[PDB]
Amino acid sequence: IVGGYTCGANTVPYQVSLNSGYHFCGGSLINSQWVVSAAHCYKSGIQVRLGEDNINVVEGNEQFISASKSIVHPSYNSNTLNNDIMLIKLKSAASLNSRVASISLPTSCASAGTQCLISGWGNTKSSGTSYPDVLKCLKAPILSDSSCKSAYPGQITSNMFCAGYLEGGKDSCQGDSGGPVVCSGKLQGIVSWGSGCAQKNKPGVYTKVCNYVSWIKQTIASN
Ligand SMILES: CC(C)COc1cccc(-c2nc3cc(C(N)=[NH2+])ccc3[nH]2)c1[O-]
Ligand SMILES: [Ca+2]
Ligand SMILES: [Cl-]
Numbered sequence: 024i025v026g027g028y029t030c031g032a033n034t035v036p037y038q039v040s041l042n043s044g045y046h047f048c049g050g051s052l053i054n055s056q057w058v059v060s061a062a063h064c065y066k067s068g069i070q071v072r073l074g075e076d077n078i079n080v081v082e083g084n085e086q087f088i089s090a091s092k093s094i095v096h097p098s099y100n101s102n103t104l105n106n107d108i109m110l111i112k113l114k115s116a117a118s119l120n121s122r123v124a125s126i127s128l129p130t131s132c133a134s135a136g137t138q139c140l141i142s143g144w145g146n147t148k149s150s151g152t153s154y155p156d157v158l159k160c161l162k163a164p165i166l167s168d169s170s171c172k173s174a175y176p177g178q179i180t181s182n183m184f185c186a187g188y189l190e191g192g193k194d195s196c197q198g199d200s201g202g203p204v205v206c207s208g209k210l211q212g213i214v215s216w217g218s219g220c221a222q223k224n225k226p227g228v229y230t231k232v233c234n235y236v237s238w239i240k241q242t243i244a245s246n
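Each residue of the sequence shown is one higher than the last, beginning at 24 in UniProt numbering.
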């Protein structure tokens with residue numbers, strides 16, 4: 024997260040770290056056995072780390088669970104990142120409490136101007152790599168579709184939305200991918216891509232979760 028602040032230990036209880044010997048992507052807990060992340064964060068050998076604050080120190084509250092299966096969206100396109108969503112089923116359910124809790128899926132899509140919270144352990148510099156030990160937070164508004172398409176002409180599908188600041192300085196970045204964009208307490212986006220990090224006129228692009236609620240529900244129900 025570039026230009027964000029320290030969240031505070033466990034103030035984002037649905038945030039998870041996908042780990043394969045190091046943190047590589049974020050994700051969101053939606054129920055005690057399922058996590059939603061981005062399809063491009065897929066790989067085998069994933070360990071889901073819940074209740075984390077400092078990812079390099081066991082401080083207590085952590086629950087490390089292996090993934091039983093990862094379900095990448097069947098229409099995911101690695102070239103355009105269209106349908107960039109994935110569900111991971113956990114080997115055992117997580118114990119939910121105030122430090123580990125799930126987030127709700129939306130009932131409607133959010134409008135431009137809606138303020139949301141983005142979090143993650145991704146890079147904090149737009150030029151060079153500086154990865155933090157604790158969770159960073161950023162409050163960013165959803166941008167209008169016209170500003171998003173003007174910024175990325177020909178690359179935004181109806182399953183993507185832009186959120187951020189056109190002046191630069193605040194944005195999600197590498198290491199944040201797969202993580203949550205929460206607005207009015209609902210999971211509205213998944214960190215997907217952007218051009219560099221916090222560059223002027225190049226806001227972040229997020230998977231539009233409201234277009235996938237029936238898919239998530241039908242897929243969790245049949246697995
Ligand atoms: C399969 C993963 C291990 C590789 O992940 C990645 C490798 C290189 C870059 C990214 C990445 N850049 C990103 C930029 C942004 C942004 N809003 N500007 C957001 C997420 C990003 N994720 C990223 O998620
Ligand atoms: Ca830790
Ligand atoms: Cl266009």
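Yeah, the Cβ is synthetic: ideal placement off N, Cα and C, and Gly gets one too.
Compare the Cα-Cα distances from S200 to each of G227, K223, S207 and report the closest residue. Among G227, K223, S207, the Cα nearest to that of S200 belongs to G227.
Can you give the Cα-Cα distance for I141 and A221, rounded to whole angstroms? Rounded to whole angstroms, the separation of the alpha carbons of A221 and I141 is 14 Å.
At what residues does the alpha helix (DSSP H) containing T230 begin and finish? Per DSSP, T230 belongs to no alpha helix (DSSP H); it is in the beta strand (DSSP E), 227-231.
Looking at C-beta atoms only, is the number of pairs between the stretch 40-49 and the stretch 168-186 that lie closer than 8 Å three or more? Not touching, per the Cβ criterion.
Which residues does DSSP list as the beta-bridge partners of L119? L119 has no beta-bridge partner at all, per DSSP.
Quick check: the Cα distance between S40 and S173, rounded to an integer number of angstroms? Here the alpha carbons of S173 and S40 stand approximately 33 Å from one another.
Best match in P203, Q138, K159, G198 for proximity to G187 [C-alpha to C-alpha]: Ranking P203, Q138, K159, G198 by Cα distance to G187 puts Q138 first.
Kindly provide the chain-ordered list of residues whose Cβ lies closer than 7 Å to any non-hydrogen atom of ligand 2. Per the Cβ criterion, the list is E75, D76, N77, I78, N79, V80, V81, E82, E85.
Residues near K159 by beta carbon distance below 6 Å, same chain, minus five either side: Closer than 6 Å at the Cβ level, and outside the excluded window around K159, lie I24, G27.
Please list the terminal residues of the continuous alpha helix (DSSP H) segment that includes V236. Start and end: 236-244.
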